[PDB]
Structure formats: C-alpha cells, structure tokens
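Trainee: Sharing a structure below in structure tokens format, with a few things to ask.
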Amino acid sequence: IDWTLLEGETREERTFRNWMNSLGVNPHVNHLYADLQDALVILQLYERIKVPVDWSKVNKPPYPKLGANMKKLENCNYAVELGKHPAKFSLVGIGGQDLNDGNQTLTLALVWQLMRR
Amino acid sequence: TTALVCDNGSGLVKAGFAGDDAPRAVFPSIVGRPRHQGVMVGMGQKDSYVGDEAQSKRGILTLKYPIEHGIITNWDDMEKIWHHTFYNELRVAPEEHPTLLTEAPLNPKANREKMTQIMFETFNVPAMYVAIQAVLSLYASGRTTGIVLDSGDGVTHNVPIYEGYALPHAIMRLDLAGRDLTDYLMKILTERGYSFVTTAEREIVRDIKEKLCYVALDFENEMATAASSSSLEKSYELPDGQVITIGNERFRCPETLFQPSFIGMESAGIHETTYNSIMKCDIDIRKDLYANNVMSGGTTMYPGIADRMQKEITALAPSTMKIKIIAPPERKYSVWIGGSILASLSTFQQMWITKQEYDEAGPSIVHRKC
Amino acid sequence: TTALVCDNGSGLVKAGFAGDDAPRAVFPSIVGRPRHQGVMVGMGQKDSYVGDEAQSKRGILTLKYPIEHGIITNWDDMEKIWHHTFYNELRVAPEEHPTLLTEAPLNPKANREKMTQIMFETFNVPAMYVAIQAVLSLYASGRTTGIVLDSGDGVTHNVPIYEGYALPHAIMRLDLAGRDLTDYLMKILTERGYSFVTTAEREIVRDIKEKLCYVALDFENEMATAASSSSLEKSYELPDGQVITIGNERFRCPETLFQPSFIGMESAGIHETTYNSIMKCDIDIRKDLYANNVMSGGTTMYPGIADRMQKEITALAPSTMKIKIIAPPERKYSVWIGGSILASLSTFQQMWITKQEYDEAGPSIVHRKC
Amino acid sequence: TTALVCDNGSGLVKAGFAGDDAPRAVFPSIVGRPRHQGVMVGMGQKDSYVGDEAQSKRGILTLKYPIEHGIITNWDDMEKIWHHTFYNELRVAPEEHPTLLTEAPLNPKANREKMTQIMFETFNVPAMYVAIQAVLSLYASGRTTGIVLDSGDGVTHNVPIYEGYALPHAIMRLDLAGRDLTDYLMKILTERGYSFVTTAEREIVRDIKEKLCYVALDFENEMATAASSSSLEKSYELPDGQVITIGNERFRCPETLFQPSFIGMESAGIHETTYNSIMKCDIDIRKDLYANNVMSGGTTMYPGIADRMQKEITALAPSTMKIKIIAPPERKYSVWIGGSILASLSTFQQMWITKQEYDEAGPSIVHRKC
Ligand SMILES: Nc1ncnc2c1ncn2[C@@H]1O[C@H](COP(=O)(O)OP(=O)(O)O)[C@@H](O)[C@H]1O
Ligand SMILES: Nc1ncnc2c1ncn2[C@@H]1O[C@H](COP(=O)(O)OP(=O)(O)O)[C@@H](O)[C@H]1O
Ligand SMILES: Nc1ncnc2c1ncn2[C@@H]1O[C@H](COP(=O)(O)OP(=O)(O)O)[C@@H](O)[C@H]1O
Ligand SMILES: [Mg+2]
Ligand SMILES: [Mg+2]
Ligand SMILES: [Mg+2]
C-alpha cells in the first residue's frame, strides 16, 4: 500500500486520498484536485455511501475529442446534484463548475462531508 | 434518432450529424438558372441548379446567393438549398432528426422566426434550435472564457464571453466579410486590365482570392516592396487557359479588414473592433479576454491574419496585458464543430424547441428558447 | 471538545478554534450574484458566490455585504456566510462545538437575539456566547485597565475599563469606519478623472486605500506640501493594466477620521471621542486611562494613526497627564485573539448559554447571560 | 458692458447674453471633417465644419463631439466651437465681455482649470466664472430649496439644496444620458432590420429618438400592449426617402433611464438615485426635498417621464411624504436661463474671477472662487 508523503500535503488531504484508495474506486487517486475533475470517482464514492447513481446520465471516461469539457461539466453538475439533494450536504455557493475547475475549498467542503457520511 | 447540424453560412453550407468531427456536406450556398438558348441537346431540361452542379455549370447559368450578410433574402431558394441539403447531400428524412441551425448576432428577428417556421412546417422536424455562431466557435475551442472574432462570407462579429456569460452590450457586428473582399479584388484587378463582370467570374475571383491573397504584417513596406521588386507577383490560370498575374493586389484585398475605408466604410478595422469590444467589458475580465482572442470563419484563413491581429491589439493594449490570438487550423468549421458538440450533450436535449411547443407559441417561441 | 471563535465583522470574517493564536479562516463577508446572461450550457448552475470565489469572479457578480454598520441587514446571506465558514472554510460540524460570536456595543438588541436563534435552531450548536469586540481586544493585550479604540469596517467605538470593570455610561459609538473611507476615496478620485462605480470597483478602491493611504500628522502642512510638490504622488495598477496616480487623496481619505465633516457628518473625530470618553469616567481613573489607549481593527492600521492620536489627545489632556497609545501589530485580529483567549479559560466554561437554557427562555436569554 | 452666458453641454451649445430670457445661439457641439474624395470643383476648400453646417453636410463628413460625459475630450475642437460661438453665432469680441461658463459636479478639476486658462489666455476675457448646472436650474425655477435632477446629453446628476445651502455629500452623478439612449436605440433598431452605423446615422437615430420615444408609465404592460397590438407603431422618413416604422422601441429606449441594466450598467435608475440622494440628507429637510423635485435638461423632455418619476418615488417614499416634481416646459434651457439670472444679479458682480486674480494665482484660482 502507498504510505508515502508528498512534498506539500496536509494530514487532512492525506486522509482524504488514503480513504479514496482504501474505498476501492477504480482510478488510483493520487491527487484529489486532479482526479475528481471528471466527477467519476465522486459518483463511485456516492455508491459507496449508499447514494444511488444513474450512470446513464454519466459521461464515460472515454470522452469524444469534441465536447469533452462539456461532458465533464455535465458529470460535475450531476455529482453536485447527487451531493446536495440525496446526500444532504451543506454546499453553500458550490456549483458543478467548481468541481470541474477544482476549487479546493468547495471540494474539501464535499469530501469532508463524504468522510462524515 | 440523431441530431442534424446545419450551419447555413452566407457563402457555404456546412451540414452533418451531431457527434461527427467534420461536416458531412460542404457546398456553396447558391442557386443557378440558365441564361442562354437551348442549343445543346438535353442540357436545357433542368430549370434550376443548387449545389456544386451550379458551380460546375456556371458558364451557362446566373448564380444567386439566398443569404446576404447573414440574412435570408430569398426564402424559396433557401428552401431549395435545405431540400438539397437534407435529401441530396445528407439523404435523410428531416421528420426523424432534430435540427440545429445557426445565426449571426444583431440579426433581424423575422429571419429566426421564418427559419423556425420553415423547419417545423415545410420539413416537420420533431425539434429544432438556433444557436449563435460565435458561441459555437467557443464550444469548438473547449473554452468558457474569451472573445471570439468570427468572419465568414457575409458578417464579421465579436462576442466576449467570461465563464460562460456573454456581455451583450459589448457584442460587435460588422457587415464586411469575404464577399466584400472578393468584390474589392474584382475592382482592383482592372488596374492590370483584367475584367470580371458576371456572377461566374465572381466565383473565379473568389478562387483567386482564396489562393493568392495574404495579410501583410505592415502594409506600407509591402507596398514599397511590390513597387520596387517583382518577387510578390504570382500567376493564375483562367478556365479557358489564359494566365493572369498579380503582385500588389494579393495583400491590398485583405487589408480592407483593417482599413474598411478602402470601400468607403467609416467603420474601424477588426482589430479596433475587438479592442473596443474588450473595453466595453468589465475591467476585471479584460485581462482574460486579452489572452483569449478566438479566430473563426473562412475569412480568417488568410496567411498572416493572426500575426497582424497580434501586432495591432498589442499596439492597443496597455502593454502589461498578454495579448493572445487563438487560430486553429479547423477555423473553417469551428461553428459547425461547436454545433455538433452542443447537439451531442445530454444537458442540451431539453433545450430543443419541440414541435409541440411551437404548436402553442408559434414562431415566436424561438425568441424565448434561443 | 473545542470551542469555535467566529468574529463576524462588517468587512471580513475571522474564524477558528479557541486556543489557537490566529484565526484559521479570514475571508471577505460578501455574497456575489451573476449580473450577465449565461450562454454556455452547464456553466450557469451556480446561483451564489460567498467567499474569495465571489472576489475572484467579481467581474460578473454583484457583491452584497450582509452586515452594515455592525448590523446584520441580510439574514439569509448571513446564514450563507455562516454555512460557508462552518462547512467550507473550517469544515466542522457545528452540532459538536460551542460557538463564540462577537458584537459591537449600543447595537440593536434584536440583532443579538436573531443570531442566538440562528445558532440554536439552524446550526443547533450545543452552547454559545456573544461578546463585545472591544472587551476581547483588551483580553488580547493582557491588560485589565484601559480604553479600547476599536475601528473595523463599519463601526468605530470606545470602551473604558478599569480593574476589569467597564463604565457603560462612557461607552461611545461612531458609525464611521473603513467602508466610509473607501466610499469617500471613490468620491475624491473623480477629481483626477478616475471613475469607480460598480461594487466590483469598490473592492479595487478598497485595495488602493489599504495600500496607499496614510494619516497626516498635520493635515494643513501635508496639504501645503502636496500643493507645492509632487513628492507625495504614488501610482497604482488596475487589473486591466491601467495605471493611476494619487498624491493628495492619500491622506485626505483617512483625515475624515479626525474630521468627519469631510463626509458631511456632524460628529467629532476619534481623538475627541476618546478624550470625551475619558472625561466621562471618574477623575481618579482618568490618569490610568490616559496611559492605556488601546487600538484595534484594520482601520487603525494606517501609517501615522498612533502618532496623530497621541498628539491630538496630548493637546486635549490637562498637560500634566501622560498620554500613551497602544497599537500592536496584530491590531487586525485583537478581537479574535481575545476571543480565543476567553473561550479557552476554564472559568468561562460555565458562562456558555447552553441549549437547555435557550429552550426555556428563548432568544431573550442572551440579554441576561451576555 | 454685459456678460456672456455660455452653457457648453455635451450635445448642444447654449449661448447668449445675461438678462435675456433665452439663449441667442443653440447649435450642436460638433466638428465635421470630410471623409470622401473631392468630386466637385471648388467645394473641397473647407477643412472642417462646426455648427449647423456640419449637420447639414454630414453626408460627406465624419462627426466628432469634443465633449463626452461633460468632459472636454478634444480641446482644439472645443476652441473651434468657442470661436464659432463668440465670432460667428454671437458675433462679439470676448475681450469686452465677462463670460459665464457651466460645469457638472464631480468633474475632473483639470477640466475647469483648462477652460479657465482658455478663456483668459486665448479669448482674453476680462473676467469669468464657472457655475454648477443644477444650481443654475434652481435659479431658473425661482427657488432656494429643492432637489434638482439634471439630465442632458452626457451626464445625469442630482443636487439637493435647502434654503440656499447645498449638501455636497448627497450629490449623486450618473454617466448615463441622451447619447447613451441614442446608441441603445441604434442597437435595438436592428431587430426590425434598420441599420445605422455612420456618425451621421447616429444623428438620424437621435432625431428619431427626439420624435417618437416616450416613457412608459408601466413598462411591463406597455410591452404586452405592443406585443398584442400595433397601436404603438409609428413611421419615420429617412433622408433618402425611405420610411421606417417602430412600435416597441419607442418606450424601450427611455426605459434605460429607469433600468440601466439594458445597456449593461449595474447602477440604479434615476428614481432610485434621486431617492437615495434625498435619504442622504437630514431627515428634517427631506419633506421639502420630496416636495421640490426639479427636472432639467433635454433628456427629461420625454412624454410621461415626470408621471413615472412621481409614481416611482411615491413607491419609495414613506407614503406620508407627498411627492412633487417640477418639470417646466423651458426645461431644455433651465441651466442657461439660471445662468443669465445669476449673471444679472448685482450681488454676483464681485464673484467674477478677474483676469488680475488669474494673473497672480494661475488657473487654480477657479477652485477657490468657484
Ligand atoms: N484560405 C482562405 N483564404 C482566404 N479566404 C478564404 C479562405 N477560405 C475561405 N475563404 C473565404 O471565406 C468565406 C467563406 O467562409 P465561411 O466561414 O464558410 O463563410 P459562411 O459561413 O458565411 O459561408 C468566403 O468568402 C471564402 O472566399
Ligand atoms: N493596512 C491598512 N491600511 C488601511 N486600512 C486597512 C488596512 N488593512 C485593512 N484596512 C481596512 O480595515 C477594514 C478591514 O476589516 P476589519 O478591520 O476586519 O473590520 P470588520 O471587523 O468590521 O470586518 C477594511 O475597511 C479595510 O479596508
Ligand atoms: N423632446 C425630447 N425627447 C427626447 N430626448 C430629447 C428631447 N429633446 C432633447 N433630447 C435629448 O437631450 C439631449 C440634449 O439635452 P441637453 O440638456 O442640451 O444636453 P447637453 O446640455 O449635455 O447638450 C440629447 O441627447 C437629445 O437627444
Ligand atoms: Mg459564415
Ligand atoms: Mg469589524
Ligand atoms: Mg447637457
């Protein structure tokens, strides 16, 4: 198991990434603000916290060259929607573009509530 | 089934399915009619020519463009082009495909309503949508922030977007494009004794413009270079086998984009129009607009166009701003590519104007949905 | 477990944990909303911006401060700020932490009751407490005797304390602070032709004020100096790369603190207000108050503010008194520092308003326990 | 001898003599220069056009306004307009007449200083003065108490006055006026397919605005009225004999005064700006300000604008306050009329900046004497 420390990671970040790896999401999450941008890992986590995910609304990791950014945006919007309503998380001033753009404050606001759940 | 993406430009028609990376059909937006007595057997039996057939038979035909300056001025010929597009080039039943159409900004509202009515009543499409061409050019570049310079055959327009938000008060539009450059090249070609006066010869001059014209990085020393030396001169062969030669007209034609006064227009060039569009935007987004100048349309294919725009906007910016111009090789199909992207998104499938919606609000539904 | 200390200022939010030496979260107390047309799909899903994201995207947002003059005027945006600070910036469940809030003196009583109701019914914190900001500034200095001059973004107030006892009858409050100096700087910037009018441009003027303004030791001499020479001129670069220059406005902005008539107010300056607060105290404690003038808040960070207050009060004192101004470098966080000190005292653990007390007395319990 | 009153607006120039009841000369504040090759022998000899001749020959000229937003942006063309005013329209030697000029509030100080230097060093006037346009509008109303709303071609501003005392902290200025409404009408005229692009066409759109536009008493029902019926449609004839028709654009243009967001501005409308200016005044004088809302300038000449303001302010007032707007027919010249009144008073004759004072203090004397 990967127990290394990065050059610039806090214990909170390391715990989040460690549970990412331990929970068994299909991608090996190395950077929180670099692997969640497609929201595919977040949707997987939603399944692990017993929040249902309709993958027919989820754009698969093989994105077409045309519109891949839009497909990822749609995935982030769906992830935010699943985090607000059925997951019951406090996400004031958070939108799908924030996860798409990797806003650390709003992303941590979601992953710590994922820890809590 | 699948959505159709028809980019009805002024000069060329771009059409195909959503999800493809290029338009399946690209043909001139013209209609040709015979202009001579039926002296050849079998040739006189066909009353109208639409696509490339009108271009290949232009020696005995009068060519008309149904759209001028992005406005459909002949609607019956536009329907001929739409039937040709659906039934001959794509060979699809429009009743089975939602169709995505495009338009320039600041256009008359009746143009959008009539094409909505045409698609729902003449073609009975299940759903349709009208999108702004510059926004689709932004979709094609994978960006949500930036000012787009779109230049096709009829209209030049600028649209600034930040984080997916447009600033409509800063949208600019100029009725100077490729067709006007062709007409100016026709006028300046008489200085060397060449004459081109029929609509067919206009297509010949268009081919010359697309093949030998370029944008000078500095017009005044290019003028001196062509006045002293011959190295700028190039030759072209006419359909009868005559050969013409141009040196100076190669860059004097595209210079009109930067100097519209060559054709008596008072308006500022495309560089000043882009800069003024940025200066109408809020001061906090100007740095991001200066770094995202997207080029689009066939008139932006001249060699040296991006370098000249870089130099002119840099001459206009506060120097501290990093001016960047984005000019992808696929610039000729950025609008269509963006349309296939948008029509492919699942988040867009509720944005279609369905026929049922149109059955309630009539053609005015297009102003609310689009 | 651990108590939370939240100093809800008019301009900035200071939050963290009791026992820490500095607030862990310091973000602007603003809410931003889009002011332009969304045109790209998927991007329009975000209706609100709260923290620094409202400041970075301010070019397309209208910014609202939920607190004015130390009064919470928007209670829904205030709930948004509290949700943001608890779940996004501190990332703690408020149901497990007693929360310490702050407030200015002479405030409307309903403000204190409403924040008590919010903390017990929206966040249902186990216990809470509302403290006066100047008292916490005394705790941060370690003193128990002295007059505190607190000046944040919305309110300037004076509170005298002797041997740990306040004199409430000598508490003075002035509704003039940093935001009013910003708006006055905007008003006087037009004299050079610099125009700032949007809520986003007010943040730029605030940045200019925090970077170039200072307090003159003698206003009439600095005015004559700027009227003679340009040696007081200084330049600032706008976000689009424009450069502005100000000389005289650098000290005329903070001079309003000593001359509130610049903005049309009839009230006396901060020096006279401090002196008058001392002259309302018992003559036996005035000597100790004159030796302990404690300043706090960002508005007390101007260069020369302590020298000017020292000179002005010396001019007002009976000459035989010794005037001392205390101006720690951590002046910007003295209220939060004193709140973490107070919340970490074991003797304070019985002063918390518990939820059981609130469930019986309602929101009015805060007037008794605090 | 007698004093000259010159009201240099952004769009029109009002000039005459003190003691007269109307300006003797009223002409556009423009300079025209030829933009075409000289094709008629002997007609090309004139390099520039200034007054009504620039407007009558605008078909072959490019038109420039020297003043924008009440700021003189071109000083050479401003001297041309002043020379035209003194020597061609009034036909007087300025060296024999004290000259009274006007200015908006919150203007750059260099503007007032430069016009002072121009009047003393170029026109060598014996004395001069610079007055505030809203104060003169109060003089024209025969009043010493009231809030004046002045709206001309470039600037809209509010000035509260009580018993002859201004409240400078409550003065509010908005850079939205008639020229911006003209540019917005141009933008929305394209919806019907009318295109206006040349500066001469801007003058045509201004004429259309001055003839067919009006303020809706309720914009949301006027929009539904124009959407359901053509009863609001009206026709206009272009200089080549073409006829245009507008219905909806007639009231959507002036609505920008109440909804500056139409042109992408964040600012509140003129009704809220007036109300906010009153609420910055002392609560004791607010009743008298609510009862004396003086209107001035050509942009206040729209039909129904006083009724709309009375309704909007009534909706903002505490209901107990009666709201009254004073909108005289001579609103277009209230500034000039007030200037001739002021220059006629014997108590004002000591207030002239004499050239001797200017020779010893320089152009900054205007800041002390005005
Ligand atoms: N390589 C090129 N160099 C110069 N002009 C070109 C080039 N390619 C296309 N054009 C011109 O651009 C115009 C067509 O561009 P397009 O974007 O298809 O316009 P539209 O969409 O209005 O039909 C024509 O005027 C054509 O002559
Ligand atoms: N170095 C500085 N010089 C002048 N003003 C400052 C400086 N730093 C901060 N300020 C001003 O002080 C205020 C900072 O907010 P703060 O003092 O925390 O008030 P509040 O507690 O009400 O939010 C703002 O008005 C800010 O412009
Ligand atoms: N009757 C009217 N209806 C609408 N607008 C008018 C009318 N009369 C004048 N205007 C507009 O008012 C402006 C001129 O007003 P004026 O007070 O002379 O401004 P300035 O003093 O700045 O030149 C122009 O924009 C003009 O179009
Ligand atoms: Mg085109
Ligand atoms: Mg504060
Ligand atoms: Mg005016």
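Ordered as shown in the structure tokens, chains take letters A, B, and onward, while each chain numbers its residues from 1 and ligands are numbered from 1 in the order shown.
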Give the residues of chain B that lie within 8 Å of chain C; count only C-alpha atoms, and format the answer as a list in words.
Mentor: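 Selected residues: residues 135, 144, 162, 163, 164, 165, 166, 167, 168, 282, 283, 284, 285, 286, 287, 318, 319, 320, 321, 347 and 348 of chain B.
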Trainee: Can you pull out the residues contacting residue A:4? Cut-off 12 Å, using only C-alpha atoms, and skip same-chain residues under 5 positions away; I want them as a PyMOL selection string.
Mentor: chain A and resi 9+11+14-15+17-18+30
Trainee: Can you write just those residues out, N, CA and C atoms, as a short mmCIF file (atom, residue, chain, number, x, y, z; two decimals), in the first residue's frame?
Mentor:
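Just written: part-v8.cif:
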data_model
loop_
_atom_site.label_atom_id
_atom_site.label_comp_id
_atom_site.auth_asym_id
_atom_site.auth_seq_id
_atom_site.Cartn_x
_atom_site.Cartn_y
_atom_site.Cartn_z
N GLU A 9 1.52 18.24 1.28
CA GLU A 9 0.20 17.72 1.58
C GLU A 9 -0.05 17.71 3.09
N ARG A 11 -2.31 16.63 6.59
CA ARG A 11 -2.84 15.36 7.10
C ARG A 11 -4.28 15.15 6.67
N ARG A 14 -4.13 14.01 3.08
CA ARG A 14 -3.61 12.65 3.01
C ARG A 14 -4.66 11.65 3.46
N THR A 15 -5.46 12.00 4.48
CA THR A 15 -6.53 11.13 4.93
C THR A 15 -7.60 10.97 3.86
N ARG A 17 -7.23 11.31 0.55
CA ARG A 17 -6.67 10.46 -0.50
C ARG A 17 -6.51 9.01 -0.06
N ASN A 18 -6.13 8.79 1.20
CA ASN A 18 -6.00 7.43 1.72
C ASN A 18 -7.33 6.71 1.71
N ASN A 30 -4.30 9.75 -6.83
CA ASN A 30 -3.05 10.28 -6.32
C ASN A 30 -3.15 11.74 -5.91
#
Trainee: Which residues of chain A come within 12 Å of chain B, and for each one, what is the closest pair of atoms and their distance in Å to one decimal, counting only C-alpha atoms, sorted by chain and residue number, as CSV?
Mentor:
residue,atom,partner,partner_atom,distance
A:56,CA,B:346,CA,9.9
A:57,CA,B:346,CA,7.6
A:58,CA,B:346,CA,9.4
A:59,CA,B:346,CA,9.1
A:63,CA,B:19,CA,11.3
A:64,CA,B:19,CA,8.3
A:65,CA,B:21,CA,8.3
A:66,CA,B:341,CA,5.7
A:67,CA,B:341,CA,5.0
A:68,CA,B:142,CA,7.9
A:69,CA,B:142,CA,6.2
A:70,CA,B:345,CA,7.2
A:71,CA,B:345,CA,6.8
A:72,CA,B:345,CA,10.4
A:73,CA,B:347,CA,9.7
A:74,CA,B:347,CA,6.8
A:75,CA,B:347,CA,10.0
A:76,CA,B:347,CA,11.9
A:77,CA,B:347,CA,9.8
A:78,CA,B:347,CA,10.1
A:97,CA,B:163,CA,9.2
A:98,CA,B:163,CA,11.3
A:100,CA,B:144,CA,11.9
A:101,CA,B:163,CA,10.9
Trainee: Grab me every residue within 8 Å of ligand 1, counting only C-alpha atoms and all ligand atoms, and send it over as a ChimeraX atom specification.
Mentor: /B:7-14,28-29,69-70,150-155,177-182,206-207,209-211,213-214,296-303,332-333
Trainee: Need to verify the contact set: residue A:34, 12 Å, only C-alpha atoms, exclusion of same-chain residues closer than 4 positions in sequence. Can you return it as number ranges by chain?
Mentor: A: 17, 27-30, 38-41, 99-104, 107
Trainee: Compare D:254, D:328, D:247, D:363 by their minimum atom-to-atom distance to ligand 3, counting only C-alpha atoms and all ligand atoms, and give me the closest one.
Mentor: D:254
Trainee: Can you check which residues of stretch 36-222 of chain D DSSP gives as alpha helix (DSSP H) on the backbone and send them as a VMD selection string?
Mentor: chain D and resid 52 to 56 75 to 83 109 to 121 133 to 140 178 to 189 199 to 212 219 to 222
Trainee: Skip residue B:295 itself and residues of its chain fewer than 6 positions away, then list as a list in words all residues within 10 Å of it, counting only C-alpha atoms.
Mentor: residues 134, 137, 138, 141, 147, 148, 149, 150, 151, 158, 301, 305, 306, 309, 325, 326, 327, 328, 331, 332 and 334 of chain B
Trainee: Limited to N, CA and C atoms, could you put the picked residues into a file as an mmCIF file, in the first residue's frame?
Mentor:
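Output contents, as saved in selection.cif:
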data_model
loop_
_atom_site.group_PDB
_atom_site.id
_atom_site.type_symbol
_atom_site.label_atom_id
_atom_site.label_comp_id
_atom_site.auth_asym_id
_atom_site.auth_seq_id
_atom_site.Cartn_x
_atom_site.Cartn_y
_atom_site.Cartn_z
ATOM 1 N N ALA B 134 -20.753 32.495 -33.058
ATOM 2 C CA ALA B 134 -19.545 32.713 -32.259
ATOM 3 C C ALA B 134 -19.537 31.876 -30.984
ATOM 4 N N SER B 137 -18.314 28.678 -31.938
ATOM 5 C CA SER B 137 -16.872 28.724 -32.137
ATOM 6 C C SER B 137 -16.137 28.632 -30.808
ATOM 7 N N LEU B 138 -16.775 29.074 -29.720
ATOM 8 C CA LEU B 138 -16.143 28.922 -28.410
ATOM 9 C C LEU B 138 -16.228 27.474 -27.949
ATOM 10 N N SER B 141 -13.450 25.430 -29.398
ATOM 11 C CA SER B 141 -12.140 25.600 -28.778
ATOM 12 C C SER B 141 -12.042 25.040 -27.364
ATOM 13 N N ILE B 147 -13.041 36.185 -26.060
ATOM 14 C CA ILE B 147 -13.719 36.967 -27.089
ATOM 15 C C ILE B 147 -13.477 36.296 -28.436
ATOM 16 N N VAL B 148 -14.556 36.047 -29.173
ATOM 17 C CA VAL B 148 -14.498 35.366 -30.462
ATOM 18 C C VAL B 148 -14.644 36.369 -31.594
ATOM 19 N N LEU B 149 -13.737 36.292 -32.562
ATOM 20 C CA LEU B 149 -13.827 37.043 -33.807
ATOM 21 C C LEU B 149 -14.231 36.050 -34.889
ATOM 22 N N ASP B 150 -15.460 36.175 -35.377
ATOM 23 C CA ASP B 150 -15.997 35.310 -36.420
ATOM 24 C C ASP B 150 -16.100 36.101 -37.718
ATOM 25 N N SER B 151 -15.547 35.548 -38.800
ATOM 26 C CA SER B 151 -15.580 36.203 -40.111
ATOM 27 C C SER B 151 -15.786 35.167 -41.214
ATOM 28 N N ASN B 158 -17.968 40.237 -33.201
ATOM 29 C CA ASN B 158 -17.183 39.967 -31.999
ATOM 30 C C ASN B 158 -18.112 39.704 -30.823
ATOM 31 N N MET B 301 -8.759 32.786 -42.677
ATOM 32 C CA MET B 301 -7.791 31.815 -43.160
ATOM 33 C C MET B 301 -6.636 32.443 -43.930
ATOM 34 N N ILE B 305 -2.962 36.643 -40.850
ATOM 35 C CA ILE B 305 -4.064 37.343 -40.189
ATOM 36 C C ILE B 305 -3.882 37.375 -38.669
ATOM 37 N N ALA B 306 -3.433 36.267 -38.077
ATOM 38 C CA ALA B 306 -3.247 36.225 -36.631
ATOM 39 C C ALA B 306 -2.065 37.078 -36.187
ATOM 40 N N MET B 309 -3.223 40.681 -36.269
ATOM 41 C CA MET B 309 -4.114 40.991 -35.154
ATOM 42 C C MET B 309 -3.345 41.061 -33.841
ATOM 43 N N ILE B 325 -3.864 35.414 -29.463
ATOM 44 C CA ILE B 325 -4.824 35.083 -30.515
ATOM 45 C C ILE B 325 -4.792 33.580 -30.755
ATOM 46 N N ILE B 326 -5.968 32.957 -30.766
ATOM 47 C CA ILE B 326 -6.134 31.522 -30.986
ATOM 48 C C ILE B 326 -6.727 31.291 -32.376
ATOM 49 N N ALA B 327 -5.994 30.571 -33.236
ATOM 50 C CA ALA B 327 -6.355 30.404 -34.649
ATOM 51 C C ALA B 327 -6.163 28.955 -35.104
ATOM 52 N N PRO B 328 -7.068 28.053 -34.705
ATOM 53 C CA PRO B 328 -6.887 26.634 -35.031
ATOM 54 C C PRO B 328 -6.975 26.383 -36.523
ATOM 55 N N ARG B 331 -10.368 26.292 -38.344
ATOM 56 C CA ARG B 331 -11.131 27.534 -38.230
ATOM 57 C C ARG B 331 -12.310 27.601 -39.194
ATOM 58 N N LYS B 332 -12.178 26.985 -40.367
ATOM 59 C CA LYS B 332 -13.243 26.976 -41.364
ATOM 60 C C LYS B 332 -14.505 26.253 -40.902
ATOM 61 N N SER B 334 -15.221 25.747 -37.311
ATOM 62 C CA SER B 334 -15.365 25.886 -35.865
ATOM 63 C C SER B 334 -16.828 26.004 -35.455
#
Trainee: For the strand (DSSP E or B) assignment from backbone DSSP, which residues of stretch 102-351 of chain C qualify? Please present them as a ChimeraX atom specification.
Mentor: /C:102-103,127-132,146-151,156-162,165-166,172-174,234-237,243-246,293-296,325-326
Trainee: With C-alpha atoms retained, write the just-selected residues as a short mmCIF file (atom, residue, chain, number, x, y, z; two decimals), in the first residue's frame.
Mentor:
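Dumped to selection_28.cif:
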data_model
loop_
_atom_site.label_atom_id
_atom_site.label_comp_id
_atom_site.auth_asym_id
_atom_site.auth_seq_id
_atom_site.Cartn_x
_atom_site.Cartn_y
_atom_site.Cartn_z
CA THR C 102 -18.87 38.94 18.71
CA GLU C 103 -20.84 42.20 18.60
CA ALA C 127 -23.77 26.23 23.55
CA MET C 128 -22.89 29.76 22.52
CA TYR C 129 -21.91 33.21 23.76
CA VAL C 130 -21.97 36.77 22.34
CA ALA C 131 -19.14 39.07 23.43
CA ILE C 132 -18.33 42.75 22.91
CA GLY C 146 -7.51 50.87 29.61
CA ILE C 147 -9.75 52.46 26.99
CA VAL C 148 -10.03 50.49 23.74
CA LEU C 149 -10.48 52.27 20.40
CA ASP C 150 -11.89 49.66 18.00
CA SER C 151 -12.25 50.58 14.31
CA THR C 156 -15.76 52.79 15.49
CA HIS C 157 -16.36 52.58 19.25
CA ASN C 158 -14.67 53.42 22.56
CA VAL C 159 -14.98 51.33 25.73
CA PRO C 160 -13.22 52.28 29.01
CA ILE C 161 -12.33 49.54 31.50
CA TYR C 162 -10.73 49.85 34.95
CA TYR C 165 -14.89 46.84 35.31
CA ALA C 166 -16.48 48.58 32.34
CA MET C 172 -19.22 55.83 22.80
CA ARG C 173 -20.03 54.57 19.29
CA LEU C 174 -19.42 56.16 15.87
CA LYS C 234 2.17 57.47 -5.87
CA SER C 235 0.94 55.10 -8.61
CA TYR C 236 -1.33 52.02 -8.64
CA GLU C 237 -2.00 49.48 -11.43
CA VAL C 243 -2.00 52.91 -14.07
CA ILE C 244 -3.48 55.69 -11.88
CA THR C 245 -1.57 58.19 -9.73
CA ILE C 246 -2.66 59.81 -6.43
CA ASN C 293 -5.22 53.85 24.85
CA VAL C 294 -5.55 50.52 23.01
CA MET C 295 -6.34 50.48 19.27
CA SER C 296 -7.68 47.54 17.26
CA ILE C 325 -1.27 54.85 22.74
CA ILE C 326 -1.03 51.06 22.43
#
Trainee: Rank D:197, D:278, D:291, D:185 by their smallest atom-to-atom distance to ligand 3, using only C-alpha atoms and all ligand atoms, and report the top residue only.
Mentor: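 For ligand 3, the nearest of the given residues is D:185.
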Trainee: Here is a test: counting only C-alpha atoms, which residue of C:33, C:369, C:308, C:112 is nearest to residue C:257?
Mentor: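 Distance minimum relative to residue C:257 lands on C:308.
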Trainee: Quick one, how far is atom CA of residue C:107 from atom CA of residue C:360?
Mentor: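 That distance, rounded to one decimal, is 24.5 Å.
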Trainee: Can you list, as a ChimeraX atom specification, every protein, DNA or RNA residue that comes within 12 Å of residue C:264 when you count only C-alpha atoms, leaving out same-chain residues fewer than 2 positions away?
Mentor: /C:176,180,184,256,259-262,266-268 /D:166-171,280-282
